[PDB]
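Novice:
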RNA sequence: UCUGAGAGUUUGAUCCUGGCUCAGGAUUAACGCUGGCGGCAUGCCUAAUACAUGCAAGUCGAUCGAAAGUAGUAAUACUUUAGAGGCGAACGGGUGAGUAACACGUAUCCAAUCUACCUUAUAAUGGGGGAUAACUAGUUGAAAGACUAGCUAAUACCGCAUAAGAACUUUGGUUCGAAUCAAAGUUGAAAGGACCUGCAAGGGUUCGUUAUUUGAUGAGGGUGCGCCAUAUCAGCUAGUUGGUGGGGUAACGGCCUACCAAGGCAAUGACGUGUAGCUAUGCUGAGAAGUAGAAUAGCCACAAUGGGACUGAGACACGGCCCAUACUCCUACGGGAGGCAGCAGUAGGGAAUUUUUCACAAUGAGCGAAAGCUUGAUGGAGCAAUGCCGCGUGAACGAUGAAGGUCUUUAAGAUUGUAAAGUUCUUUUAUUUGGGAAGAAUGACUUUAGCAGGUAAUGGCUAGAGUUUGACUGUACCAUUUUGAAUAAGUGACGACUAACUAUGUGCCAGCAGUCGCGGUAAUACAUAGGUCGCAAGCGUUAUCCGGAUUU
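Chains as they are written, first to last, in the entry's author numbering: chain 9, 4 to 685; chain O, 2 to 81; chain C, 1 to 203; chain S, 3 to 79.
1. Compute the Euclidean distance between the alpha carbons of residue 593 (chain 9) and residue 443 (chain 9), then round it to the nearest angstrom.
2. Would you tell me roughly how many angstroms separate the C-alpha atoms of residue 49 (chain C) and residue 20 (chain C), rounded to the nearest one?
3. On the premise that residue 254 (chain 9) lies in contact with residue 159 (chain 9), defined as a C-beta separation below 8 Å, what is that separation, rounded to the nearest angstrom?
4. Could you tell me the alpha carbon to alpha carbon distance between residue 60 (chain C) and residue 133 (chain C), rounded to whole angstroms?
5. My understanding is that residue 476 (chain 9) touches residue 407 (chain 9), with C-beta atoms under 8 Å, so please give their C-beta distance in whole angstroms.
6. Taking residue 126 (chain 9) as the reference, which of 114 (chain 9), 146 (chain 9), 102 (chain 9) and 144 (chain 9) has the closest Cα?
7. Check residue 575 (chain 9) in the structure and name its three-state DSSP category.
8. Helix, strand or coil for residue 581 (chain 9) per DSSP?
9. In the DSSP output, which residue or residues are listed as bridge partners for residue 367 (chain 9)?
10. Whose C-beta lies closer than 7 Å to the C-beta of residue 240 (chain 9) among residues of the same chain, with five residues either side of it excluded?
11. Pairing CB atoms from the region 511-530 of chain 9 with CB atoms from the region 553-571 of chain 9, are three or more of them under 8 Å?
12. State the Cα-Cα distance for the pair residue 115 (chain C) and residue 294 (chain 9), rounded to the nearest angstrom.
13. Using the three-state DSSP reduction, which class does residue 540 (chain 9) fall into: helix, strand or coil?
14. Do residue 597 (chain 9) and residue 675 (chain 9) have their CB atoms nearer than 9 Å?
15. Going by beta carbon distance, what residues of the same chain come within less than 7 Å of residue 660 (chain 9), once the five residues before and after it are set aside?
16. For residue 431 (chain 9), tell me which candidate among 578 (chain 9), 453 (chain 9) and 381 (chain 9) has the shortest Cα-Cα distance.
17. For residue 204 (chain C), which of helix, strand or coil comes out of DSSP?
18. Looking at C-alpha atoms only, which residue of 7 (chain O), 20 (chain O), 70 (chain O) and 3 (chain O) is the closest neighbour of residue 57 (chain O)?
19. In angstroms, rounded to a whole number, what distance separates the CA positions of residue 284 (chain 9) and residue 130 (chain C)?
20. Out of curiosity, what's the CA-to-CA distance linking residue 76 (chain 9) and residue 11 (chain 9)?
21. Going by the CB atoms, is the gap between residue 370 (chain 9) and residue 615 (chain 9) shorter than 9 Å?
22. Quick check on residue 133 (chain C): does DSSP put it in helix, strand or coil?
23. With distance defined between alpha-carbon atoms, name the residue in 292 (chain 9), 238 (chain 9), 191 (chain 9) and 299 (chain 9) nearest to residue 263 (chain 9).
24. Report the CB separation of residue 372 (chain 9) from residue 67 (chain 9) in whole angstroms; it is logged as a contact under 8 Å.
25. For the candidate residues 609 (chain 9), 618 (chain 9) and 648 (chain 9), whose alpha-carbon lies nearest to that of residue 633 (chain 9)?
26. Under DSSP, the alpha helix (DSSP H) around residue 276 (chain 9) begins and ends at which residues?
27. Across the region 598-605 of chain 9 and the region 507-517 of chain 9, are there enough close Cβ pairs to call them in contact, namely three or more that are closer than 8 Å?
28. Taking the alpha carbon of residue 196 (chain 9) as the point to measure from, which residue in 299 (chain 9), 57 (chain 9), 174 (chain 9) and 243 (chain 9) has its own alpha carbon closest?
29. Helix, strand or coil: how does DSSP classify residue 15 (chain S) here?
30. Given a threshold of 16 other Cβ atoms within 10 Å of its Cβ, counted over all protein chains shown, does residue 73 (chain S) qualify as buried or as exposed?
31. So does the region 621-635 of chain 9 actually touch the region 576-590 of chain 9, counting three or more Cβ pairs closer than 8 Å?
Dropping the structure here:
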């Protein structure tokens with residue numbers, strides 16, 4: 004590569020309903036503050052649609068957001084927009100070098116910002132903190148600066164101080180420099196340099212007496228200066244905070260309002276000064292396919308390694324493979340290798356996107372993002388190589404589509420077109436599972452939540468032009484029967500040209516913990532041994548149908564007692580049919596019953612949803628017994644019917660504000676109560 | 002032209018320099034392989050004289066071989 | 001396949017040594033029985049006109065290692081000439097480079113000759129040949145400039161020279177030359193070339 | 003379109019208006035000859051045929067055929 | 001003399017009428033398993049289905065005025081052209097929807113044609129005018145542009161002198177619808193540019209002009225033959241069948257018009273129908289023939305669709321135009337712009353048919369004395385076992401036959417298997433080092449020798465000159481060029497046809513299946529292990545053309 008010290012790439016990570024569209028638009032505008040063509044005023048003149056935060060925030064720009072700031076090219080990316088579905092977030096995280104976590108201002112809960120921060124801290128990647136709105140009701144500075152430590156305790160350092168409380172918001176009291184007033188209520192153009200207000204000088208000093216003190220964990224000379232009271236150079240403490248944030252020792256917090264556009268220039272200055280470069284970030288290594296498969300890093304000079312993470316179809320030129328090249332330098336018109344598929348891919352052309360425009364750069368260096376036209380066979384989750392060597396892949400995706408829904412094809416041709424839509428929609432994110440049940444028949448497709456299923460439907464009907472009916476998930480039952488009985492089977496019949504006859508006598512007995520079992524009682528030669536085995540099969544096929552809803556009958560012990568083999572009219576399949584008649588007749592006599600699937604669900608909650616889950620299980624269904632008291636949490640295991648999971652994924656999640664989790668494991672089939680007997684039957 | 006890749010061949014033709022090649026020909030005059038230069042040809046200069054009498058200027062670089070045929074000694078200086 | 005792999009295995013079922021007799025005759029014992037764990041008495045239960053035709057053709061290409069497409073190439077080449085096509089083809093059957101080198105006292109086996117030729121140790125008329133299938137013609141000179149001192153095989157063949165009127169050779173000067181077309185009487189007669197040329201009209 | 007077609011248009015449009023004028027005045031001469039027969043308009047057509055057939059405006063065959071027809075029908079007068 | 005091989009198959013059985021199947025080839029081949037590579041090509045057949053982007057056919061300043069900019073005190077020289085004027089554009093490439101007929105091919109006829117640029121052949125290459133282009137200023141809008149008024153150049157446009165020669169008119173002179181001559185009547189010929197020379201006068205070179213006669217080229221027109229099936233398609237036909245005059249096409253021609261009539265064709269099949277680009281030819285057979293008209297080559301039709309015209313020698317013009325249709329795109333919304341059956345690339349489809357790759361190195365085509373410019377043609381190169389050809393993955397010796405395993409069924413033996421182990425050797429290819437091409441025996445370029453009418457001299461030409469041209473290519477390959485067995489073999493069948501079976505499981509079920517047919521209790525027919533055999537980086541499977549089938 005060239006100048007890897009400057010190829011600092013970042014990701015746009017915004018909270019749900021925290022102005023995702025708004026915050027993303029302001030980040031584009033400030034990143035768009037390059038006056039070579041007028042991108043500043045061009046972004047200033049944008050007023051877009053308002054349907055959903057994530058959707059409009061994504062569709063306003065392209066995923067690849069290549070911009071520059073005064074020395075360095077930055078590739079901002081906002082692919083994740085969701086209830087914070089994990090895979091896109093972590094994939095972008097491995098693509099990005101650093102990230103900004105947007106805090107919620109309408110309320111103080113911000114239940115999903117803590118989740119994205121958990122995911123970010125999981126990878127040791129550096130981050131920064133910034134409250135989205137300093138003008139929204141409920142956006143209290145004290146609330147945020149106390150809640151961060153109460154919920155997480157990450158030693159976040161609040162650097163800059165605002166001026167006003169959600170109505171009087173008019174500037175920032177800068178800590179590193181003098182005060183900066185922002186009279187703009189939007190569309191940031193000028194910053195008013197002012198001296199620090201007198202009444203808050205001490206407000207600085209204390210924090211100042213802490214700030215250097217907060218970076219006092221790096222050297223002893225800083226402590227000596229603190230004892231002396233001698234001021235440390237602002238550049239020195241700035242670099243100390245940079246080392247802290249890149250090393251995840253602490254994280255700075257800044258203030259501003261997206262709807263008011265105040266103090267984001269300060270954020271950009273901080274990003275340039277303190278956020279890391281690929282040389283400054285740790286080495287998140289990949290994995291090969293041989294058994295030990297890696298003792299290597301990117302090395303960033305000329306081994307070309309780049310993770311294939313997203314593809315989008317431009318109508319003019321076909322597919323577009325967006326890739327962040329981790330190492331090496333690549334040109335166009337060259338065949339790259341995919342060892343996961345062992346295939347050649349010709350790089351027809353290269354392209355870079357800023358907001359929506361194409362820039363054909365014939366060469367891409369390490370530490371950048373780009374898109375490729377060509378490469379019509381590669382999917383996401385893979386790593387691209389051109390040296391004919393096995394690919395090293397770094398993938399730790401988290402797939403939790405805990406809810407599934409059945410999508411109903413209107414026709415077998417509709418089934419085929421929906422499978423084509425599945426092929427299109429699985430290349431972007433295959434975490435969703437699809438099953439075509441052999442018994443229930445309806446196609447089950449997994450999703451995260453209401454918005455996830457909604458967006459899948461939107462791509463199906465609009466992006467894919469595929470129209471398919473939607474239904475309800477399908478996993479039905481099992482059948483068995485009550486107390487034993489013994490009947491006979493006599494099939495004297497014929498269909499095709501001659502006589503046929505057969506007759507057997509069997510015992511129809513339940514076996515609670517054993518499947519099909521055969522016991523013979525032929526002592527007087529009523530049935531030759533040749534007919535012992537076929538009759539068993541006649542039983543094994545007869546249980547498949549039930550008189551209530553038609554599920555196979557299991558947990559039955561069969562005991563053949565007697566029979567009659569006649570002359571040429573007798574044949575083995577006639578005995579099998581007679582045994583089938585006997586089995587069905589006895590099943591009708593012995594009052595068949597049904598069994599429902601039962602999953603064992605374990606829920607671990609600190610304190611919040613104890614009574615909520617108790618009442619949900621008691622009201623809906625399930626088998627429960629009291630409490631488990633784990634180290635600092637409450638754990639409840641319930642053996643609950645699998646039907647009860649319908650909407651439970653969002654009944655628990657809605658009550659938990661998105662902070663719920665569980666484990667779904669199938670336990671066993673259990674007797675169906677009379678209510679279930681009335682519901683399912685037609 | 003014809004032959005193989007890395008193996009060119011072009012049968013010399015007194016063809017109209019304004020009509021495309023690889024078509025019907027009034028008279029084919031000579032052949033030559035331009036890969037290895039040894040100047041093997043089957044020139045006639047009998048009907049080619051008539052062609053030059055009625056124009057029929059061959060392709061661009063034929064004039065060099067025309068010098069070897071020595072027609073300049075018998076065509077342009079034929080009025081004095 | 002360019003090589004049969006195991007060559008004694010070829011003489012097992014065939015019962016004919018590709019050498020004079022010493023192929024499967026002196027390696028500890030003489031194993032001239034046909035292979036197969038299912039082996040049993042077989043005297044007249046597997047031989048027919050079709051079977052003997054296959055046997056002759058198989059031993060014929062085994063003696064030279066000709067692939068199917070090259071076999072049809074040689075068939076068309078001998079079609080290009082007239083007369084008794086069987087005997088003329090048989091004369092062309094010696095036109096292999098490795099076969100000649102073996103018959104020139106320059107290689108104890110045609111397999112060794114082939115693998116020397118591919119290695120580039122042979123010089124065919126100021127043109128080193130790596131393909132050992134080139135067609136011989138009378139009046140060809142060969143050299144073994146320098147990749148022969150380190151080869152004990154070529155020297156051992158040189159001391160065990162072969163006498164032939166259709167070619168000339170100075171084995172002590174590493175010189176060989178194709179003189180005239182070979183004679184039928186100098187070559188094994190158990191092979192029948194007619195049935196194969198009857199068998200080759202299938203294009 | 004391409005610039006070369008624009009240049010060809012910018013030329014041949016005016017050349018075609020000129021040719022239209024020449025053809026219509028030749029037509030007018032033919033009309034005046036059709037009204038009455040005289041040697042003066044015969045000379046007029048003689049001149050005009052050479053004016054127009056000189057360029058590509060009028061084909062030699064057409065001009066010769068028309069003048070031959072007019073002089074032939076004149077031969078009886 | 002070119003030149004010919006079948007097999008099984010009903011039934012108690014035998015043949016016969018006679019069907020079937022494959023053994024064989026071919027294929028834009030497709031698919032499976034796999035797969036180093038050389039060289040030879042080729043590499044949408046689905047949707048003339050819809051397409052972003054780039055080139056896709058432009059050139060000339062020594063044709064013209066002038067503009068812009070450099071140098072120069074200025075003049076002027078130079079660099080580029082906004083434009084005009086000249087020419088190429090109709091070449092060429094691609095497609096096969098249409099078209100079942102002069103369309104191909106073929107033999108001839110055009111007593112009825114034309115055909116710049118290029119052949120022959122001569123007459124000269126003037127006198128002017130009056131205009132606009134470009135530009136300037138204004139009007140309308142972001143702009144593209146559009147509109148208005150002023151100034152002019154051109155080898156541009158249009159009169160004016162003569163027309164050598166032709167052509168027309170008339171008279172005389174020809175030939176089996178003809179052609180040739182003489183005289184007279186009439187008409188209309190050019191434009192200049194550059195260079196050398198010359199005080200000048202003027203002369204010359206060279207380009208171009210005009211008209212003239214003659215090649216060739218291409219196009220048009222005439223027919224004969226050859227150029228699918230359909231009668232479970234027998235009437236069609238009123239510009240229809242001809243005649244007179246006129247218009248008309250490069251010419252003839254109801255091609256068309258006015259008038260005059262009512263014929264003309266068609267059972268040897270018109271018309272209607274569907275199926276179609278045609279040929280040389282690719283493949284299949286010995287052939288009569290069939291197969292299809294790959295690619296290429298020739299010819300014809302088309303350029304989003306229907307017309308219509310436009311100049312130009314030549315077009316109703318891939319990439320000129322208008323209308324109308326249908327679409328798409330932009331519009332700050334008033335209006336505009338366009339057509340990949342061009343190169344690719346992209347979307348869909350299918351099983352699938354590739355690079356928006358390089359240089360114009362060569363060739364070619366165009367423009368131009370000249371240099372020079374264009375050239376998604378061209379030549380290469382990328383990719384694909386897609387076909388063809390060619391090569392390796394070792395080789396010399398090497399054991400009563402290493403170890404294990406298999407059968408034999410504990411016993412020996414065989415068996416895997418010279419395969420192994422072992423010694424020795426090697427390197428096309430893998431890979432380091434230097435060599436290393438022709439392709440350009442062309443083309444430019446001026447001075448020389450010479451030729452040549454002139455000569456005052458440049459220039460017109462032939463023999464040598466190097467500064468001149470390489471993507472391909474420090475390429476293939478080669479001196480053990482470094483090391484090194486190292487860098488590498490699968491596939492099908494094994495009851496018979498059809499050269500290829502043992503052990504185990506197995507129970508008309510599982511399954512094989514080209515056919516005959518197998519498997520219901522130890523199956524040489526299935527499934528696995530081992531072994532055998534045949535082809536091989538190809539082997540298996542499918543479709544379709546033929547041989548076999550002489551089985552219309």
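Every residue gets a Cβ at the ideal spot worked out from N, C-alpha and C, and that includes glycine.
Specialist: Reading off the structure:
1. Their backbone Cα atoms lie some 26 Å apart in a straight line.
2. Between residue 49 (chain C) and residue 20 (chain C), the C-alpha separation is close to 26 Å.
3. Under the criterion of beta carbons closer than 8 Å, residue 159 (chain 9) and residue 254 (chain 9) qualify as touching, at roughly 5 Å.
4. Looking at the two C-alpha atoms, the distance is approximately 15 Å.
5. Residue 476 (chain 9) to residue 407 (chain 9), Cβ: 5 Å. Contact.
6. Ranking the options by Cα distance to residue 126 (chain 9), first place goes to 102 (chain 9).
7. DSSP places residue 575 (chain 9) in helix when its eight states are reduced to three.
8. Helix.
9. 333 (chain 9).
10. If we look at residue 240 (chain 9) and ignore the five residues flanking it on each side, its Cβ neighbours are 214, 215 and 218.
11. Yes: at least three Cβ pairs fall under 8 Å.
12. Residue 294 (chain 9) has its alpha-carbon roughly 39 Å from the corresponding atom of residue 115 (chain C).
13. Reduced to three states, the DSSP call for residue 540 (chain 9) is helix.
14. Going by C-beta atoms, residue 597 (chain 9) is nearer than 9 Å to residue 675 (chain 9).
15. The answer, listed in chain order, is 112 and 114.
16. Of 578 (chain 9), 453 (chain 9) and 381 (chain 9), the residue nearest in Cα terms is 381 (chain 9).
17. The structure shown does not extend to residue 204 (chain C), since chain C is modelled only from 1 to 203, so the question has no answer here.
18. The option with the nearest alpha carbon to residue 57 (chain O) is 20 (chain O).
19. Taking the Cα positions, residue 284 (chain 9) is about 56 Å away from residue 130 (chain C).
20. Their Cα atoms are separated by approximately 7 Å.
21. Not closer than 9 Å, so no.
22. Of the three classes helix, strand and coil, the one that applies to residue 133 (chain C) here is coil, per DSSP.
23. If we check each option's Cα against that of residue 263 (chain 9), 191 (chain 9) comes out closest.
24. The Cβ separation is near 5 Å, so the contact holds.
25. Relative to residue 633 (chain 9), the option among 609 (chain 9), 618 (chain 9) and 648 (chain 9) whose CA is nearest is 609 (chain 9).
26. Segment 267-277, the alpha helix (DSSP H) holding residue 276 (chain 9).
27. Segments in contact, no.
28. Per the Cα distances, 174 (chain 9).
29. In the structure shown, residue 15 (chain S) sits in a helix (DSSP, three-state: H, G or I).
30. That one is exposed.
31. No: fewer than three Cβ pairs fall under 8 Å.
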